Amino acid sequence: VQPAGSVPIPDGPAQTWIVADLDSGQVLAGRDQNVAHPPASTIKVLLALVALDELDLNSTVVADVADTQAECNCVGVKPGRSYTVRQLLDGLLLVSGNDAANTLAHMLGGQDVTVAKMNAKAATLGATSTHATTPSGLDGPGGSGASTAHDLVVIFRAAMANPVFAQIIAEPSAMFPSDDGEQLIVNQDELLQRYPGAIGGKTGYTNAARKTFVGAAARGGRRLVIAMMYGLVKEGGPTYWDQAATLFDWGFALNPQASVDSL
């Protein structure tokens, strides 16, 4: 659970969580880090990994009508318009665009083959408790899907190893093509502004998943990665931003030579 002799970790709304070293892969602490829950939009990180593995950032696609129809939220993809893989990754990661997700899946061969590719990729990473049902993290034909706090940081750790991902996820904003003729899209990960040394994160929410989060931070040459699942913020209670900051602060204060397990 945590190293013998370390100080208490303050509780927060997230029901499962884990704190790991992003570079060493060592686990510092966890609560039910292997219990499965729906991932919501944290799974968009797994989608981004498949896109980065298979698609050139300069490659383009002309969106279909089906690409542009999706449940909240959307970046604003429009039918008949052209988009680069980089632009779709911006929409996917900065504002959690489900149309961007749809459109990337189009490029990877459709919804079904994209989900299959995502599940194959998770297996190769050792994320063996993860089952995506949609590219977006929305509910789909197979239901809400599944992952675990452990599997989420494994997936995020692999994404952070790609410097393209590390850059996009930490981007404050980007310019996205619109029908007049560019719109500023702003990174929704508030940890970037709330917690110094934060280097990126992905939030998620559905009714089935409740709130989810996976992200990383750096302090003095040390880098940590955390994931948090299945939480609801109560009025006057700690937020996901509070708990993320507390987990990072606990982890950086921990003896740098201490760990409880390996990813």
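The first residue of the shown sequence is 1; numbering continues from there.
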Seminar exercise, completed: As the entry reports it, the stretch among 94-102 and 177-185 with higher mean C-alpha B factor is 177-185
Exercise. Which wins on mean Cα temperature factor, 43-51 or 228-236?
Worked result: 228-236
For this session: Just grab whichever of 87, 193, 134, 130 has the top CA B-factor as deposited.
Result: 193
Exercise. Checking the entry, which one of 220, 215, 204, 38 has the top C-alpha B factor?
Worked result: 220
For this session: Among all modelled residues of this chain, ranked by Cα B factor, put residue 117 in the bottom, middle or top third, i.e. lowest, middle or highest.
Result: lowest
For this session: Just say lowest, middle or highest third for the CA B-factor of residue 28 relative to the other modelled residues in its chain.
Result: middle
For this session: Name the third of the chain's ranked CA B-factors that contains residue 171, choosing lowest, middle or highest.
Result: middle
Seminar exercise, completed: Chain-relative C-alpha B factor for residue 81 (record values, thirds): the highest
Exercise. Among the modelled residues of its chain, does the C-alpha B-factor of residue 153 lie in the lowest, middle or highest third?
Worked result: lowest
